[PDB]
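Structure file target_29.pdb; described as PDB, C-alpha atoms.
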ATOM      1  CA  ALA A   1       8.205  -7.759   9.284  1.00  0.00           C
ATOM      2  CA  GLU A   2       7.434  -5.352   6.414  1.00  0.00           C
ATOM      3  CA  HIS A   3       5.328  -5.270   3.220  1.00  0.00           C
ATOM      4  CA  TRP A   4       4.562  -2.480   0.702  1.00  0.00           C
ATOM      5  CA  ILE A   5       0.916  -2.264  -0.476  1.00  0.00           C
ATOM      6  CA  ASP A   6       0.068   0.131  -3.322  1.00  0.00           C
ATOM      7  CA  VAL A   7      -3.526   1.197  -2.409  1.00  0.00           C
ATOM      8  CA  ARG A   8      -3.759   3.181  -5.697  1.00  0.00           C
ATOM      9  CA  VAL A   9      -6.057   2.218  -8.590  1.00  0.00           C
ATOM     10  CA  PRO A  10      -4.545  -0.878 -10.354  1.00  0.00           C
ATOM     11  CA  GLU A  11      -4.320   0.983 -13.701  1.00  0.00           C
ATOM     12  CA  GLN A  12      -1.450   3.116 -12.495  1.00  0.00           C
ATOM     13  CA  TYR A  13       0.322   0.137 -10.884  1.00  0.00           C
ATOM     14  CA  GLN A  14       0.689  -1.194 -14.480  1.00  0.00           C
ATOM     15  CA  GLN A  15       2.611   1.992 -15.424  1.00  0.00           C
ATOM     16  CA  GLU A  16       4.931   2.206 -12.404  1.00  0.00           C
ATOM     17  CA  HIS A  17       5.228   0.588  -8.945  1.00  0.00           C
ATOM     18  CA  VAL A  18       7.881   0.039  -6.263  1.00  0.00           C
ATOM     19  CA  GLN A  19       9.999  -3.035  -6.975  1.00  0.00           C
ATOM     20  CA  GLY A  20       8.539  -5.844  -4.830  1.00  0.00           C
ATOM     21  CA  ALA A  21       5.289  -4.161  -3.698  1.00  0.00           C
ATOM     22  CA  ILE A  22       1.781  -5.617  -4.007  1.00  0.00           C
ATOM     23  CA  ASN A  23      -1.167  -3.654  -5.444  1.00  0.00           C
ATOM     24  CA  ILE A  24      -4.480  -4.011  -3.716  1.00  0.00           C
ATOM     25  CA  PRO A  25      -6.743  -0.945  -4.317  1.00  0.00           C
ATOM     26  CA  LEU A  26      -7.904   0.748  -1.087  1.00  0.00           C
ATOM     27  CA  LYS A  27     -11.431  -0.591  -1.186  1.00  0.00           C
ATOM     28  CA  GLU A  28     -10.166  -4.223  -1.461  1.00  0.00           C
ATOM     29  CA  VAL A  29      -7.256  -3.610   0.990  1.00  0.00           C
ATOM     30  CA  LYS A  30      -9.678  -3.158   3.877  1.00  0.00           C
ATOM     31  CA  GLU A  31     -10.628  -6.822   3.476  1.00  0.00           C
ATOM     32  CA  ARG A  32      -7.852  -8.398   1.508  1.00  0.00           C
ATOM     33  CA  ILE A  33      -5.046  -7.253   3.834  1.00  0.00           C
ATOM     34  CA  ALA A  34      -6.436  -9.857   6.302  1.00  0.00           C
ATOM     35  CA  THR A  35      -5.610 -12.568   3.711  1.00  0.00           C
ATOM     36  CA  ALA A  36      -2.251 -11.075   2.579  1.00  0.00           C
ATOM     37  CA  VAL A  37      -0.942  -9.978   6.024  1.00  0.00           C
ATOM     38  CA  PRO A  38      -2.903 -11.834   8.785  1.00  0.00           C
ATOM     39  CA  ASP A  39      -0.073 -10.850  11.211  1.00  0.00           C
ATOM     40  CA  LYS A  40      -1.192  -7.372  12.318  1.00  0.00           C
ATOM     41  CA  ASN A  41       2.327  -6.585  13.593  1.00  0.00           C
ATOM     42  CA  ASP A  42       3.843  -6.670  10.068  1.00  0.00           C
ATOM     43  CA  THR A  43       4.963  -3.221   8.859  1.00  0.00           C
ATOM     44  CA  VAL A  44       2.285  -2.528   6.208  1.00  0.00           C
ATOM     45  CA  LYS A  45       3.734   0.418   4.250  1.00  0.00           C
ATOM     46  CA  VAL A  46       0.886   2.020   2.276  1.00  0.00           C
ATOM     47  CA  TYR A  47       1.472   4.204  -0.815  1.00  0.00           C
ATOM     48  CA  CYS A  48      -0.428   5.558  -3.828  1.00  0.00           C
ATOM     49  CA  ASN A  49       0.119   8.180  -6.584  1.00  0.00           C
ATOM     50  CA  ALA A  50       0.529  11.160  -4.244  1.00  0.00           C
ATOM     51  CA  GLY A  51      -0.146  10.302  -0.561  1.00  0.00           C
ATOM     52  CA  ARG A  52      -3.765  11.215   0.026  1.00  0.00           C
ATOM     53  CA  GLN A  53      -5.300   7.744  -0.461  1.00  0.00           C
ATOM     54  CA  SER A  54      -2.401   6.086   1.427  1.00  0.00           C
ATOM     55  CA  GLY A  55      -2.925   8.656   4.243  1.00  0.00           C
ATOM     56  CA  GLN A  56      -6.499   7.437   4.469  1.00  0.00           C
ATOM     57  CA  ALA A  57      -5.267   3.832   4.175  1.00  0.00           C
ATOM     58  CA  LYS A  58      -2.925   4.285   7.152  1.00  0.00           C
ATOM     59  CA  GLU A  59      -5.860   5.433   9.307  1.00  0.00           C
ATOM     60  CA  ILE A  60      -8.172   2.707   8.009  1.00  0.00           C
ATOM     61  CA  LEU A  61      -5.599  -0.020   8.800  1.00  0.00           C
ATOM     62  CA  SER A  62      -4.824   1.486  12.229  1.00  0.00           C
ATOM     63  CA  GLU A  63      -8.610   1.267  12.826  1.00  0.00           C
ATOM     64  CA  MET A  64      -8.537  -2.377  11.708  1.00  0.00           C
ATOM     65  CA  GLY A  65      -6.032  -2.769  14.583  1.00  0.00           C
ATOM     66  CA  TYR A  66      -2.838  -3.216  12.522  1.00  0.00           C
ATOM     67  CA  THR A  67      -0.189  -2.312  15.106  1.00  0.00           C
ATOM     68  CA  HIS A  68       2.666  -1.418  12.654  1.00  0.00           C
ATOM     69  CA  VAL A  69       1.158   0.653   9.812  1.00  0.00           C
ATOM     70  CA  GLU A  70       3.403   3.211   8.066  1.00  0.00           C
ATOM     71  CA  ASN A  71       2.468   5.821   5.444  1.00  0.00           C
ATOM     72  CA  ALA A  72       5.099   5.889   2.660  1.00  0.00           C
ATOM     73  CA  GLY A  73       3.513   8.802   0.737  1.00  0.00           C
ATOM     74  CA  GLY A  74       3.197   8.474  -3.036  1.00  0.00           C
ATOM     75  CA  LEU A  75       5.224   6.962  -5.835  1.00  0.00           C
ATOM     76  CA  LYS A  76       6.859  10.232  -6.881  1.00  0.00           C
ATOM     77  CA  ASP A  77       8.304  11.020  -3.486  1.00  0.00           C
ATOM     78  CA  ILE A  78       9.249   7.398  -2.789  1.00  0.00           C
ATOM     79  CA  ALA A  79      12.834   7.100  -4.031  1.00  0.00           C
ATOM     80  CA  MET A  80      12.933   3.280  -4.047  1.00  0.00           C
ATOM     81  CA  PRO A  81      13.686   1.122  -7.139  1.00  0.00           C
ATOM     82  CA  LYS A  82      10.759   0.827  -9.540  1.00  0.00           C
ATOM     83  CA  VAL A  83       9.253  -1.447 -12.134  1.00  0.00           C
ATOM     84  CA  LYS A  84       7.183  -0.122 -14.983  1.00  0.00           C
ATOM     85  CA  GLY A  85       4.545  -1.081 -17.432  1.00  0.00           C
TER      86      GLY A  85
END
Would you mind writing the file out in structure tokens?
Amino acid sequence: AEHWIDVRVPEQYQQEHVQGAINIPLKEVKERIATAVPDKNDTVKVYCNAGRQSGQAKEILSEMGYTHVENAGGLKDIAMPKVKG
């Protein structure tokens, strides 16, 4: 019960992202997460370039009543395998 959602602008996703994450920019995520992850108990890990937009995303999704949100920071601090542009 986990997913990784890059809430960053999609331009930077095409340069680097975590291996096996989705990109859905923050402003779409607040709708489109309901289509991608209708199970609110799934661990939605949110990340971006640096943490600030994913920090906001964690709060936004907690407000949307997702019961298992996690903030994963930003791509530089995340030390998971990557794919690049």
message: Running the PyMOL selection byres ((chain A and resi 77) around 12) on this model by hand, what would come out? Give it as an MDAnalysis selection string.
response: chainID A and resid 18 47:51 71:76 78:81
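Shortest separation to residue 61 in chain A among A:2, A:44, A:35, A:25 occurs at residue A:44, atoms counted being all atoms listed in the file.
Applied to this file, the PyMOL selection byres ((chain A and resi 27) around 12) selects residues 6, 7, 8, 9, 10, 23, 24, 25, 26, 28, 29, 30, 31, 32, 33, 53, 54, 56, 57, 60 and 61 of chain A.
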Now that the selection is made, can you save its residues with C-alpha atoms as an mmCIF file, in the frame of the given file?
data_model
loop_
_atom_site.group_PDB
_atom_site.id
_atom_site.type_symbol
_atom_site.label_atom_id
_atom_site.label_comp_id
_atom_site.auth_asym_id
_atom_site.auth_seq_id
_atom_site.Cartn_x
_atom_site.Cartn_y
_atom_site.Cartn_z
ATOM 1 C CA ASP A 6 0.068 0.131 -3.322
ATOM 2 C CA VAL A 7 -3.526 1.197 -2.409
ATOM 3 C CA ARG A 8 -3.759 3.181 -5.697
ATOM 4 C CA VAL A 9 -6.057 2.218 -8.590
ATOM 5 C CA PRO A 10 -4.545 -0.878 -10.354
ATOM 6 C CA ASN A 23 -1.167 -3.654 -5.444
ATOM 7 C CA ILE A 24 -4.480 -4.011 -3.716
ATOM 8 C CA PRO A 25 -6.743 -0.945 -4.317
ATOM 9 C CA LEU A 26 -7.904 0.748 -1.087
ATOM 10 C CA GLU A 28 -10.166 -4.223 -1.461
ATOM 11 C CA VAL A 29 -7.256 -3.610 0.990
ATOM 12 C CA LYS A 30 -9.678 -3.158 3.877
ATOM 13 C CA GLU A 31 -10.628 -6.822 3.476
ATOM 14 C CA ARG A 32 -7.852 -8.398 1.508
ATOM 15 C CA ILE A 33 -5.046 -7.253 3.834
ATOM 16 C CA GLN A 53 -5.300 7.744 -0.461
ATOM 17 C CA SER A 54 -2.401 6.086 1.427
ATOM 18 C CA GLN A 56 -6.499 7.437 4.469
ATOM 19 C CA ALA A 57 -5.267 3.832 4.175
ATOM 20 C CA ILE A 60 -8.172 2.707 8.009
ATOM 21 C CA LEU A 61 -5.599 -0.020 8.800
#
query: Do you know which residues are at most 8 Å from residue 70 in chain A counting only C-alpha atoms, after dropping those on the same chain fewer than 6 positions away, and could you put them as number ranges by chain?
result: A: 43-46, 58
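Every protein or nucleic acid residue with an atom no more than 10 Å from residue 34 in chain A, counting all atoms listed in the file and leaving out same-chain residues fewer than 5 positions away, appears here: residues 29, 39, 40, 64 and 66 of chain A.
Between CA of residue 36 in chain A and CA of residue 62 in chain A lies a distance of 16.0 Å.
Between CA of residue 68 in chain A and CA of residue 17 in chain A lies a distance of 21.8 Å.
Distance annotation: of A:52, A:85, A:42, A:19, the residue with the minimal separation from residue 69 in chain A is A:42; atom set is only C-alpha atoms.
CA of residue 11 in chain A to CA of residue 37 in chain A spans 22.8 Å [interatomic distance, one decimal].
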- prompt: For the file shown, what are the residues hit by the PyMOL selection byres ((chain A and resi 84) around 6), laid out as a ChimeraX atom specification?
  reply: /A:15-16,83,85
